[PDB]
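Participant: Fold the following for me, if possible:
(chains A and B)
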Amino acid sequence: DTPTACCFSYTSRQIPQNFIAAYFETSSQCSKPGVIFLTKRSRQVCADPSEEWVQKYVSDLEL
Amino acid sequence: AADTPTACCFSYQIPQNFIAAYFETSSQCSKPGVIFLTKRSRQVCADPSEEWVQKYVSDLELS
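Facilitator: Numbering: from 1, shown residues only, chains lettered A, B, ... in the order given. Shown next is the structure:
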């Protein structure tokens, strides 16, 4: 029964895409929808999943 | 690091010898929470309502 990550604030500047290593979407248990980007420096950053660059970034990570 | 994900607990006694540190979960969350980080660096959700939890935090803080 470990913790579960969630978001409450979203970054507001598009992050240069090349800094970004991976992503995951936050569990639906969270009071809000969330995308957590993991930078290539093991930093974790919340982003607004309803935002365009955010889903662009997510899509590329896969395709 | 800004706008990081915040950890919430959605599920909830540990031998006191595995305890290495504790963390209270953000008020933004939906359930109150204490997270104990064990020496094996594994994270465990616990009820701040249970008495051993509050006892542990005291043992930690007061030492």
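
Participant: Can you show me the strands along chain A?
Facilitator: Shown for chain A, the strands assigned by DSSP state E span residues A:4-6, A:20-25, A:35-39, A:44-47.

Participant: contact partners of the last one?
Facilitator: If you take Cβ atoms under 8 Å, 6 or more residues apart in numbering or on different chains as the criterion, strand A:44-47 is touched by A:5, A:7-11, A:15, A:34-39, A:54, A:57, B:1-5. Heads up, the C-betas are built off the backbone N, CA and C, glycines and all.

Participant: how far out from the middle of the chain is it?
Facilitator: Strand A:44-47 has its average C-alpha position 5 Å from the chain's average C-alpha position, going by Cα atoms, centre = their mean, to the nearest Å.

Participant: thinking again about what came up before, would you reformat the strands of chain A as CSV and include mean neighbour count and distance to residue B:47?
Facilitator: Formatted as CSV, the entries for these read as follows, by neighbours: other Cβ atoms under 10 Å in any protein chain shown; distance: least, Cβ to Cβ, whole Å:
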stretch, mean neighbour count, distance to residue B:47
strand A:4-6, 20, 16
strand A:20-25, 14, 27
strand A:35-39, 18, 26
strand A:44-47, 21, 26
